[PDB]
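> Dropping a structure here in structure tokens format, bear with me for questions.
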Amino acid sequence: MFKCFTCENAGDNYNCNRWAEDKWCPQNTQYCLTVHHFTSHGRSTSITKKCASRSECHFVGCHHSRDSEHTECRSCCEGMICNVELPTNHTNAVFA
């Protein structure tokens with residue numbers, strides 16, 4: 001089992017943590033979805049993540065809003081609570 005960030009409305013990474021606690025992921029899941037809401041014009045940016053699978057996000061990518069000019073890029077990262085910070089640089093080591 002593993003713990004992932006299953007937050008909904010979180011303006012910042014910290015907030016996402018306050019909502020999404022350290023709970024085990026579902027049985028029908030093997031990935032950590034990570035949706036990034038980037039506004040074409042505006043500092044504010046929505047963020048949402050949760051457990052997913054190969055089917056749930058079989059066709060990842062970005063989706064530009066029809067009404068607003070805000071795009072939503074969702075991906076699938078592996079590893080316990082891998083969806084820590086939005087701006088992913090690289091993978092760290094294990095302390096096991």
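Following the order of the structure tokens, first chain is A, next is B, and so on, with residues numbered from 1 inside each chain and ligands from 1 in the order they appear.
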Counting only C-alpha atoms, which residues in segment 65-87 of chain A sit no more than 6 Å from segment 25-33 of chain A? For each one, give the nearest pair of atoms and the distance in Å, sorted by chain then residue number, as JSON lines.


```
{"residue": "A:75", "atom": "CA", "partner": "A:33", "partner_atom": "CA", "distance": 5.7}
{"residue": "A:76", "atom": "CA", "partner": "A:33", "partner_atom": "CA", "distance": 4.6}
{"residue": "A:77", "atom": "CA", "partner": "A:32", "partner_atom": "CA", "distance": 5.2}
{"residue": "A:78", "atom": "CA", "partner": "A:31", "partner_atom": "CA", "distance": 5.5}
```

> Extract, using only C-alpha atoms, all DNA, RNA and protein residues at most 8 Å from residue 21 of chain A, discarding same-chain residues fewer than 4 positions from it, and format them as number ranges by chain.

A: 5-6, 17

> Would you pick out the contacts of residue 9 of chain A at 7 Å or less, using only C-alpha atoms, so that residues sharing its chain but fewer than 3 positions from it are not included, and give the list as a CSV table (one decimal) with C-alpha atoms, in the first residue's frame?


```
chain,number,residue,atom,x,y,z
A,46,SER,CA,-5.9,25.6,-9.0
A,47,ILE,CA,-4.4,22.2,-8.0
A,48,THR,CA,-6.0,18.8,-7.6
```

> Quick check for you: according to DSSP on this backbone, which residues of chain A are classed as helix (DSSP H, G or I)? Reply as an MDAnalysis selection string.

chainID A and resid 13:19

> Residue 24 of chain A: which residues within 9 Å, counting only C-alpha atoms, same-chain residues fewer than 6 positions away excluded, as a ChimeraX atom specification?

/A:1-4

> Measuring between only C-alpha atoms, which one of A:18, A:86, A:69, A:56 shows the shortest distance to residue 42 of chain A?

A:69

> If we count only C-alpha atoms and set the cut-off at 10 Å, which residues sit around residue 37 of chain A, ignoring sequence neighbours fewer than 3 positions away in its own chain? Please answer as a PyMOL selection string.

chain A and resi 11+34+40+44-48+62-65+70-74

> Can I get the selection written as an mmCIF file, in the first residue's frame, with C-alpha atoms?


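again19.cif, freshly written:
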```cif
data_model
loop_
_atom_site.group_PDB
_atom_site.id
_atom_site.type_symbol
_atom_site.label_atom_id
_atom_site.label_comp_id
_atom_site.auth_asym_id
_atom_site.auth_seq_id
_atom_site.Cartn_x
_atom_site.Cartn_y
_atom_site.Cartn_z
ATOM 1 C CA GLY A 11 -4.070 26.814 -3.963
ATOM 2 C CA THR A 34 -1.682 15.004 -10.635
ATOM 3 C CA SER A 40 -3.258 31.836 -19.083
ATOM 4 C CA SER A 44 -3.868 32.141 -9.003
ATOM 5 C CA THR A 45 -3.653 28.470 -9.972
ATOM 6 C CA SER A 46 -5.901 25.574 -8.957
ATOM 7 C CA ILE A 47 -4.422 22.215 -7.960
ATOM 8 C CA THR A 48 -5.970 18.764 -7.577
ATOM 9 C CA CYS A 62 -3.756 19.217 -21.093
ATOM 10 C CA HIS A 63 -7.287 20.562 -21.538
ATOM 11 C CA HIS A 64 -7.847 24.262 -22.228
ATOM 12 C CA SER A 65 -11.067 25.575 -20.683
ATOM 13 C CA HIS A 70 -7.097 28.254 -18.095
ATOM 14 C CA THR A 71 -5.482 24.948 -19.056
ATOM 15 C CA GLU A 72 -5.494 21.759 -16.983
ATOM 16 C CA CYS A 73 -2.543 19.392 -17.388
ATOM 17 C CA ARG A 74 -2.988 16.031 -15.664
#
```

> Among segment 15-90 of chain A, which ones does DSSP assign to strand (DSSP E or B) (computed from the backbone)? Answer as a PyMOL selection string.

chain A and resi 24+31-39+47-52+61-64+70-77

> Find the distance between atom CA of residue 88 of chain A and atom CA of residue 13 of chain A and write it in Å to one decimal.

12.1 Å

> Tell me, in Å to one decimal, how far atom CA of residue 87 of chain A is from atom CA of residue 23 of chain A.

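Separating atom CA of residue 87 of chain A from atom CA of residue 23 of chain A is a distance of 22.9 Å.
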
> Restricting the calculation to only C-alpha atoms: of A:57, A:7, A:16, A:93, which residue gets closest to residue 79 of chain A?

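Checking each candidate against residue 79 of chain A, we get A:93 as the closest.
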
> I'd like the interatomic distance between atom CA of residue 92 of chain A and atom CA of residue 39 of chain A, to a tenth of an Å.

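Calculated distance between atom CA of residue 92 of chain A and atom CA of residue 39 of chain A is 29.2 Å.
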